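Student: sequence, then structure. It's an experimental one.
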Amino acid sequence: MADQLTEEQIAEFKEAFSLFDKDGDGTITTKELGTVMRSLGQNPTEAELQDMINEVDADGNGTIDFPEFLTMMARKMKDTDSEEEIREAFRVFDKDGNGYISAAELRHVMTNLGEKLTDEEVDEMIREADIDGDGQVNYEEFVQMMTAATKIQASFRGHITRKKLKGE
């Protein structure tokens, strides 16, 4: 979020702000966060709702105001951007469609795009990816490596924006 202000992007937050805060004032309390959560497909109790307030309100009344909203909104946008991406690579890697990448489905794709990586590197990237001792790369643990390995997850990230931008 580079802060360069126009009247359609901020007027995205005013139309959305009052979607959470149905009342009038301008603060999104436990119940202005909730009534929506249930309207947006998911179910939370008055208690785990509160912790979403607590994320951002580093000033603290118990209710989320605009710039402490904007702060949250661009955070969870970044989360679904991260998550989608790590699902995408996974899919363009795991071809079979089972969610368990045998080295085969990681190894060549890289090379097919000419990613330099030796197989000493890839084999190691599957050892630093092999806990209970099987040999292959599934979802959440492909995901988990994303957050040496430093550079490699910028190779993945980039090539995702390809097949996710050119998919959609």
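Tutor: That came through, no problem. Numbers count the residues shown, from 1 in each chain.
Student: for residue 78, helix, strand, or coil?
Tutor: State at residue 78, reduced to three classes by DSSP: H, G, I helix; E, B strand; the rest coil: helix.
Student: same deal with the one 3 residues further on?
Tutor: With three-state DSSP as the basis, residue 81 sits in helix.
Student: that one - how many residues pack around it?
Tutor: Here the number of neighbours of residue 81 (other Cβ atoms under 10 Å) works out to 11. C-betas here are computed from N, CA, C, even on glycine.
Student: and if you look at the one 4 residues further on?
Tutor: A count of neighbours around residue 85, defined by other Cβ under 10 Å, yields 20.
Student: what number of residues lie near residue 88?
Tutor: Residue 88 is flanked by 20 other residues according to other Cβ under 10 Å.
Student: quick one: buried residues of whichever strand or helix holds it?
Tutor: If you go by DSSP states H and E, residue 88 is part of helix 66-93. Within helix 66-93, the residues that count as buried by 16 or more other Cβ atoms under 10 Å are 68-73, 85-86, 88-93.
Student: for stretch 93-105, same thing?
Tutor: Using 16+ other Cβ under 10 Å as the test for burial, stretch 93-105 gives 93, 94, 101, 103, 105.
Student: how distant is the helix or strand hosting residue 162 from the center of its chain?
Tutor: Secondary structure from DSSP H and E places residue 162 in helix 149-165. Relative to its parent chain, helix 149-165 has a centroid offset of 14 Å by Cα atoms, centre = their mean, to the nearest Å.
Student: also stretch 62-78?
Tutor: The answer for stretch 62-78 is 16 Å, by Cα atoms, centre = their mean.
Student: contacting residues around residue 129?
Tutor: By Cβ atoms under 8 Å, 6 or more residues apart in numbering, residue 129 lies in contact with 137, 141, 142, 145.
Student: need the max-distance pair from these.
Tutor: Pairwise distances across those peak at 8.7 Å for 137 and 145 (criterion: Cβ to Cβ).
Student: so which of the two has more stuff around it?
Tutor: More crowded of residue 137 and residue 145, by other Cβ under 10 Å: residue 137, with 22 against 15.
Student: the more buried one pairs with what?
Tutor: Beta-bridge partners recorded for residue 137 (DSSP bridges): residue 101.
Student: ok, residue 70 to residue 166 distance?
Tutor: For residue 70, the distance to residue 166 (Cβ to Cβ, to the nearest Å) stands at 30 Å.
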